[PDB]
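**Student:** Sharing a structure, written as structure tokens. Questions coming.
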Amino acid sequence: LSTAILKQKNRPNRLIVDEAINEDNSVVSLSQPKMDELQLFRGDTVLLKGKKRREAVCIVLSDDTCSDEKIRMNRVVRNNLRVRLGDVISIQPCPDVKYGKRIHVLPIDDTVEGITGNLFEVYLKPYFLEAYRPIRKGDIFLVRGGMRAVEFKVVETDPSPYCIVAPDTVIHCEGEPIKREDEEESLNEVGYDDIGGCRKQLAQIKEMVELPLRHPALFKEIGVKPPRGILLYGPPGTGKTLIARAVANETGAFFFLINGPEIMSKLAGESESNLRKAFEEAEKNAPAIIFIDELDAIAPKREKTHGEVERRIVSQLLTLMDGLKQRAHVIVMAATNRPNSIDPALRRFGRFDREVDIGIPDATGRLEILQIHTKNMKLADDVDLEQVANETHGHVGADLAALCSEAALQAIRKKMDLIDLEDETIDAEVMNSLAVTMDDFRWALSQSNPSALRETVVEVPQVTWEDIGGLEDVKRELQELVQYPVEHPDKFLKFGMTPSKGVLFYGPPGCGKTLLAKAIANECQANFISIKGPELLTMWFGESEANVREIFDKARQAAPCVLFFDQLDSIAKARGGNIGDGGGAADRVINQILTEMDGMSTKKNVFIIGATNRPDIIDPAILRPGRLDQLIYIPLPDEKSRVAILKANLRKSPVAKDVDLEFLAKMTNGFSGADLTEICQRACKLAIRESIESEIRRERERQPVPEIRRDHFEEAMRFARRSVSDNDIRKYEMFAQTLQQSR
Amino acid sequence: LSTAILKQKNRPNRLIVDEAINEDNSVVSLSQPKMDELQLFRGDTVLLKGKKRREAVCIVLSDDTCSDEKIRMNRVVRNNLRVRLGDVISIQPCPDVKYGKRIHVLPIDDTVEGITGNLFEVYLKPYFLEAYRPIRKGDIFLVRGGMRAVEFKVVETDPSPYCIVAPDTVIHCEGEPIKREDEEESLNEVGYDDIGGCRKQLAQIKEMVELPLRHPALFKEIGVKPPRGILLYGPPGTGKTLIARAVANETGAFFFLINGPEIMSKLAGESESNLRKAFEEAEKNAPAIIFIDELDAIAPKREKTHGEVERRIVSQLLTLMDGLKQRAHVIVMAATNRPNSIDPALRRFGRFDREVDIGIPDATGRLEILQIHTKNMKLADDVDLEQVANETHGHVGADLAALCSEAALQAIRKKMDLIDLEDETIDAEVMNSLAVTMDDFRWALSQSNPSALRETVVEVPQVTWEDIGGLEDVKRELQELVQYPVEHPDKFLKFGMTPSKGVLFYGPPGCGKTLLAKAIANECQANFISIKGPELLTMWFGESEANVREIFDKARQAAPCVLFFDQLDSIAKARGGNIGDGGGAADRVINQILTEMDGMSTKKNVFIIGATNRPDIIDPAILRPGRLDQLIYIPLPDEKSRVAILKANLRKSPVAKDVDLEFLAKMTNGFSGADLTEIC
Ligand SMILES: Nc1ncnc2c1ncn2[C@@H]1O[C@H](COP(=O)(O)OP(=O)(O)OP(=O)(O)O)[C@@H](O)[C@H]1O
Ligand SMILES: Nc1ncnc2c1ncn2[C@@H]1O[C@H](COP(=O)(O)OP(=O)(O)OP(=O)(O)O)[C@@H](O)[C@H]1O
Ligand SMILES: Nc1ncnc2c1ncn2[C@@H]1O[C@H](COP(=O)(O)OP(=O)(O)OP(=O)(O)O)[C@@H](O)[C@H]1O
Ligand SMILES: Nc1ncnc2c1ncn2[C@@H]1O[C@H](COP(=O)(O)OP(=O)(O)OP(=O)(O)O)[C@@H](O)[C@H]1O
Ligand SMILES: [Mg+2]
Ligand SMILES: [Mg+2]
Ligand SMILES: [Mg+2]
Ligand SMILES: [Mg+2]
């Protein structure tokens, strides 16, 4: 119930926005029982409160067809109130609305292009002649007249912001034409409703910022001071500065914006004075909100700062934050991608004391974000955004916006066959037939990738489970560990049993350890991170473990995720394996991997997979419970599995019907999966050699091979060798025997 | 569908540029049926649109010999329209072209060298007398008369930009003469047609940079904002800066350049101030393009950056791209060859959201690059660019340009002994005779090596397959090893199986393991990286693995490449044999080689070949198929080989007829090939 502040509550003034029947730009209608409930009289002026602090004046009337909870209200004041159909607005009477003296209204530039008539007599005089229409400073109204309808913007009113347009009120239209860009930017201004997937964080921010500034007495009587510093921290793209934009657009208090690097100045000491002057500018316009974007830019650790001016700036900020209690009416926010780099003194109680964590949205959060970004988008009927939000597993809101933009560009590509770039104009019918479909979202989802992982992505060959032969039980387990919590989250969480956070693959080389990982990457609907072992190591001190920390943190945001540590022999070898280990850089890397895997334990599933080649050198601390709990032995295929391996490799290759894949398996008593592949590649190469010789033979006399035959496999069989010998197999069993005895 | 934007849809306005017959500078010729198709009347003034947003005005005159798909025009308008014979331009009516009031023309300096008379009366007044010539600002036209034909530049007109030179129109030529260098630079300006091998990338960049600018209504209708950030990445020489230059040249929007290190300044807060001033200037002149060249110079990782000024620069860039005050129709482009070094915050959407990879071109793309680079050059008829493109395997566009320059330099060299360095002038006959032959491409190609490989280059003693005696079967496996996947990639795909890309040579010393590698380096048509074993290893903790990674990454960039390990038992030994071996780095290097050879990445045409004296210490993982899958045993020569080895050594050696090499093979039984050479 921490979101009770978000709940819009029941107010009699609340009404639903609906299409108008006869309502013009200055009159609205309410139902007669609602008029009697609100004590609203016909002919009274009423005020409508919408989103983004947008307000308008209209006359209230009675309509017997109007629902009680609903209002009849036309589109001009819809755009004025910045609301759409279905929205909830507030209505109250406004007394003491006097006759207007002078108003300055100016047309919209694109609504008057090519128009040279007398604007007053054609447009303003007939519309306001003896109508007594109520207006507001900044109102937009559409007037019919001349050869094309014209919209105007009110620029000045006398008095302001409310007055009555009387027949003797001075109305003039001279002035510079208002550009469309300003009106469009004001219309597309961001509000709270733009924000999705962070309702809890939105409630926290509102009750930390808006409620104290709006009602300081409500806190005063109970005797608790408002929170003076709020820190918004999270991974890039989550919507921190979007929250800042929403607050700045829909708060009552004056808003001051500070960008960290902007504080810097060349003159000696002027940067601290700039921070100071910003704070006193907040002082004069109290109450106020200060937003310090990129706080880590100007607030590093003073223990680690090598510059005098930066250290002075941090200390000056600390002094200002300490005095912020003396201010009593100023609230400061800060957004940072790395909260850990900020000096801890700025995180002490009384300085950024309450920290809000803007996190990765869930499935319903991603659905909300997608719906928000598709509100201006035009969609067909086949589109279902719930599936799209389901398929985006680790995507942050910025990634979802990128997905929507890519899908729109894909629809534009689909229409690019008809549209011509070099054309001076675009046809109307082609423009109208343009629309976004499910196929565009599916293409975008194909090309979609979280921005956090673009540095860990690798191009993996196309591998599907049918490509892998044998290991049928192993395949089921891998789907039973990965696919069930991904597809059935409710089952696992309800039971409450602790999961295995690892599956170590130990087996002879070429038996499918890496292919199973490729199958996970291509099929399983979870973000995949492939870590080649010795990538994380760095010769420079401290960074080698840092790369381990960031990678483990990197998979943390994108849960569901699979962290594939290929060849654990390098990063995680036995403690004391380097008996000297004077530097300890390898040892500290092994310890760091231990810290992270034990460090995180929560509902969101992050699977760590290691495809070790020879598992005995691995530190057993990795294999001990709590880390890599489940182990799968990837064995050499038997006679039945080998036939599947031969079929899976040869399924895309045209082969003779005479070739018996069952016969080849029993001859290959001990061959691995890779060895069976070499038999097929060797046979394929021999067929190519014949085809090259055949085509040379035919062209030589003038101046082939449709499929691999039985003789081709016969010639390729003699070159075949058994890669992994019997002695190598025993050690792989020996590791299992030692673990089984301990188990 | 990806390159749908690059389709040049056929419209009647699209016409082929053709030579002139009797036309002067101010007219072009169209076929009568095509005129009736577009309702064009003879004598009408029309507006011509060409490359690089270049416009010209010409009069339409009918010709029965003019093709319906072609338009006749002279050299002057073609140089005005920045097009060539065989290009496509758009022709449309240009009404309301008024009579000129007063125009300013300035002659070209090199056409007036030695002319001291009144340029007006000598050239211009006869040129425009009762002609009503249509002219446009910036046009270049040549006038005959006097002592030498003189070109003129129209720098200003009244009205603008189109007017007709009427008899009363004032034509004055006073002013500062125009430099030749400026005209040359403008004529050799770089456009979208100068970039080859990047059709997908050009499609993406045109969709991002050109399409929203030219049609800012499609996105308004569909209700989205097109991506406003492009990050071009790839190995050096692929053309990222070239694509930036083409975009700057061919766009109408204001274009601002930001070189990386130019931002840095002495005084505190001047780097942030410079970035802010650039972005504010772009915002004022919206729509605009900002190009940040060498972005990794000023945008490194904040967590990996020591100096606080650099982190402040990164934060300022982050706030400028996306902050509380969003950008106003500004597109930001950047080019780096290390996209991973860029800070992770810059890569998300609302920033460098679209990352476009300028990869190494394949055969057809590099043929396109060669055609682009040879359009200005003059070549003999015997040349074949297709063969030159086929032979250049790992070359990048810069390397192809270097090949062209080297070939032209060889063409100059061939004509050197005729001409003199200290002579005042070159013989005109030598200049006319001068041309680039196929021999010059062949020589430049022989000396041509990729830029990526200018470090891993060694001198090889030029061994041929005939130098190696015996090993007849092994040679056939080696020749078809590298030839088949590159010469016939279709055959593998038709049979649908991956080629084998690994060979291990093991045998007694002196039997030709290193010799076979020498022959591969010369005879085989693929890049060759030869590295001895221990050279990769380094004192530092992570360097020894990073060295292995960059060699394999370098071989991938140069595919098809052969990566030969001279003593593979050095760098690839059995793990666990020595506990505490060094810092454990030797075992980790084996792991690095293991993942690079066969891992989760897609495998290119990189053939890994290794030779080892003692293969028993080789790590069994390295021997697994998919890594050195073929284990070739090169044993001591039999009697038949011992004859061949003796003959191969002495093939260039004058020997007596009486000595019988056949007997020598029978006496030696366990002799190695090195031992046989010792006798010789
Ligand atoms: N929860 C959300 N709901 C709706 N839109 C969102 C949400 N989160 C992000 N976006 C959108 O995705 C983009 C995120 O950019 P923005 O700069 O606001 O994110 P940020 O995480 O605060 O940034 P940074 O980490 O760089 O400070 C914007 O286009 C924003 O509108
Ligand atoms: N079950 C299988 N079905 C089909 N192909 C297989 C199978 N097992 C192995 N292969 C083949 O072997 C190769 C896969 O080797 P992989 O990298 O998975 O081996 P590994 O057991 O992880 O060994 P290592 O990492 O020690 O070399 C591919 O060429 C693949 O075609
Ligand atoms: N695709 C291409 N088409 C035509 N010419 C090309 C192409 N790529 C490179 N070139 C040629 O190579 C040079 C372009 O170098 P450029 O500065 O664009 O490379 P780059 O990839 O940006 O390099 P770096 O990353 O080192 O800055 C020019 O001489 C140009 O003619
Ligand atoms: N088959 C051969 N034909 C001709 N010369 C040969 C042959 N085998 C060896 N030689 C001669 O042996 C000498 C060096 O041989 P090479 O370097 O190829 O041996 P290797 O087997 O690779 O040795 P190592 O593994 O010990 O480095 C050269 O003089 C070369 O001419
Ligand atoms: Mg932000
Ligand atoms: Mg593997
Ligand atoms: Mg460059
Ligand atoms: Mg050797």
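**Student:** Just to be sure I understand, how many residues within segment B:499-513 are under 19 Å from residue B:555 (Cβ atoms) and either within 16 Å of ligand 5 (Cβ to nearest atom) or not in a strand (DSSP E or B) (or both)?
**Tutor:** Qualifying residue count, segment B:499-513: 3.
**Student:** Looking at (1) in a helix (DSSP H, G or I); (2) surrounded by fewer than 23 Cβ atoms within 10 Å (Cβ to Cβ), can you tell me which one residue A:440 breaks?
**Tutor:** Failing condition for residue A:440: (2).
**Student:** Considering only residues that are surrounded by fewer than 15 Cβ atoms within 10 Å (Cβ to Cβ) and either of a type in the set (D, E, K, R) or under 20 Å from the mean Cα position of the chain (by Cα) (or both), which ones fall in segment A:201-222?
**Tutor:** A:214, A:220, A:221
**Student:** Considering only residues of segment A:249-261 that are touching an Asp or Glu at 6+ places or on another chain (Cβ under 7 Å) and in a helix (DSSP H, G or I), which is nearest to ligand 3 (Cβ to nearest atom)?
**Tutor:** A:261
**Student:** Something else now. Hey, any hits in segment B:232-251 for a residue that's more than 16 Å from ligand 7 (Cβ to nearest atom) and polar (S, T, N, Q)?
**Tutor:** yes
**Student:** Also: As an exercise: evaluate residue B:529 against (1) out of contact with any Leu (no Cβ under 6 Å at 6 or more places or on another chain); (2) more than 12 Å from every other protein chain (Cβ to nearest Cβ); (3) surrounded by 21 or more Cβ atoms within 10 Å (Cβ to Cβ) and give the number of the one condition it does not meet.
**Tutor:** Unmet condition: (1).
**Student:** Here's another thing I want to ask about it. Considering only residues of segment B:597-618 that are within 16 Å of ligand 6 (Cβ to nearest atom) and more than 9 Å from chain A (Cβ to nearest Cβ), which is farthest from residue B:559 (Cα to Cα)?
**Tutor:** Once the filter is applied, the top-ranked residue is B:597.
**Student:** Just to be sure before I move on: is residue A:359 farther than 21 Å from residue B:319 by Cβ, out of contact with any strand residue (DSSP E or B) (no Cβ under 8 Å at 6 or more places or on another chain) and loosely packed, with under 14 Cβ neighbours inside 10 Å in the structure I sent?
**Tutor:** Working: farther than 21 Å from residue B:319 by Cβ: yes; out of contact with any strand residue (DSSP E or B) (no Cβ under 8 Å at 6 or more places or on another chain): yes; loosely packed, with under 14 Cβ neighbours inside 10 Å: no.
In short, no.
**Student:** Residue B:663 is checked against (1) within 15 Å of residue B:470 (Cβ to Cβ); (2) in a helix (DSSP H, G or I) and fails just one. What number does that condition carry?
**Tutor:** (1)
**Student:** If you go through segment A:62-88, how many residues are surrounded by 20 or more Cβ atoms within 10 Å (Cβ to Cβ) and in a strand (DSSP E or B)?
**Tutor:** 2
**Student:** In segment A:281-310, which residue that is more than 10 Å from every other protein chain (Cβ to nearest Cβ) and over 16 Å from residue A:258 (Cα atoms) is nearest to the chain's Cα centre (by Cα)?
**Tutor:** Ranking the candidates gives A:301 first.
**Student:** Does segment A:563-586 hold any residues that are surrounded by fewer than 22 Cβ atoms within 10 Å (Cβ to Cβ) and under 30 Å from residue A:481 (Cα atoms), and which are they?
**Tutor:** Listed by number, the residues that qualify are A:574, A:575.
**Student:** Working carefully through the options A:121, A:156, find the one that is assigned to a helix (DSSP H, G or I) and acidic (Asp, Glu).
**Tutor:** Every option except A:121 fails the conditions.
Conditions tested, residue by residue: (1) among the small types (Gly, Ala, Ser); (2) touching a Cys at 6+ places or on another chain (Cβ under 7 Å); (3) under 20 Å from residue B:527 (Cβ atoms).
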residue	(1), (2), (3)
B:557	no, no, yes
B:574	yes, no, no
B:577	yes, no, no
B:581	no, no, no
B:597	no, no, yes
B:604	no, no, yes
B:607	no, no, yes
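**Student:** In addition: For segment A:555-583, give me the residue count where each residue is more than 7 Å from chain B (Cβ to nearest Cβ) and among the basic types (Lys, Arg).
**Tutor:** Residues meeting the conditions: 2.
**Student:** What is the residue count in segment B:583-619 for residues that are away from ligand 4 (no atom under 16 Å from the Cβ), out of contact with any helix residue (DSSP H, G or I) (no Cβ under 6 Å at 6 or more places or on another chain) and not hydrophobic (A, V, I, L, M, F, W, C)?
**Tutor:** Residues in segment B:583-619 being away from ligand 4 (no atom under 16 Å from the Cβ), out of contact with any helix residue (DSSP H, G or I) (no Cβ under 6 Å at 6 or more places or on another chain) and not hydrophobic (A, V, I, L, M, F, W, C): 8 in total.
**Student:** In segment A:132-170, what count of residues is obtained for those that are among the basic types (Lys, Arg), more than 21 Å from residue A:60 (Cα to Cα) and surrounded by 15 or more Cβ atoms within 10 Å (Cβ to Cβ)?
**Tutor:** The qualifying residues number 1.
**Student:** Does residue B:539 satisfy the criteria of being more than 16 Å from ligand 4 (Cβ to nearest atom), facing another protein chain (nearest Cβ under 8 Å) and over 31 Å from the mean Cα position of the chain (by Cα)?
**Tutor:** no
**Student:** Checking the structure you have, find out if any residue of segment B:206-223 is among the basic types (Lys, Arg) and touching a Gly at 6+ places or on another chain (Cβ under 9 Å).
**Tutor:** Looking for residues that are among the basic types (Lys, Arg) and touching a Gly at 6+ places or on another chain (Cβ under 9 Å), one finds at least one in segment B:206-223, hence yes.
**Student:** Hey, another quick one. One residue is enough: does segment A:349-361 have a residue meeting the conditions within 17 Å of the chain's Cα centre (by Cα) and either of a type in the set (A, V, I, L, M, F, W, C) or within 16 Å of ligand 3 (Cβ to nearest atom) (or both)?
**Tutor:** For segment A:349-361, residues within 17 Å of the chain's Cα centre (by Cα) and either of a type in the set (A, V, I, L, M, F, W, C) or within 16 Å of ligand 3 (Cβ to nearest atom) (or both): present.
**Student:** Which one of these is over 17 Å from residue A:83 (Cα atoms), surrounded by fewer than 18 Cβ atoms within 10 Å (Cβ to Cβ) and basic (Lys, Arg): A:53, A:42?
**Tutor:** Sole residue among the options that is over 17 Å from residue A:83 (Cα atoms), surrounded by fewer than 18 Cβ atoms within 10 Å (Cβ to Cβ) and basic (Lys, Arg): A:42.
**Student:** Then there is this: Looking at segment B:74-113 only, could you name the residues that are under 21 Å from residue B:45 (Cβ atoms) and of a type in the set (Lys, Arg)?
**Tutor:** Answer for segment B:74-113, where residues must be under 21 Å from residue B:45 (Cβ atoms) and of a type in the set (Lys, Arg): B:75, B:78, B:82, B:98, B:101, B:102.
**Student:** Which one of these is within 16 Å of ligand 4 (Cβ to nearest atom) and either assigned to a loop (DSSP other than H, G, I, E, B) or surrounded by fewer than 21 Cβ atoms within 10 Å (Cβ to Cβ) (or both): B:467, B:490?
**Tutor:** When all the criteria are applied, what remains is B:467.
**Student:** Can you pull out the residues in segment B:422-433 that are under 23 Å from residue B:378 (Cα atoms) and in a loop (DSSP other than H, G, I, E, B)?
**Tutor:** Going residue by residue through segment B:422-433, those that are under 23 Å from residue B:378 (Cα atoms) are B:425-433.
Residues satisfying the conditions are B:425, B:426, B:427.
**Student:** Residues to consider are A:669, A:649; find the one that is part of a helix (DSSP H, G or I) and away from ligand 7 (no atom under 16 Å from the Cβ).
**Tutor:** Numbers: A:669 fails: part of a helix (DSSP H, G or I).
The conditions single out A:649.
All Cβ positions, even for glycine, are placed from backbone atoms using ideal geometry, and neighbour counts span all protein chains on display. Bear in mind that the values in this text are calculations on the coordinates, not laboratory data.
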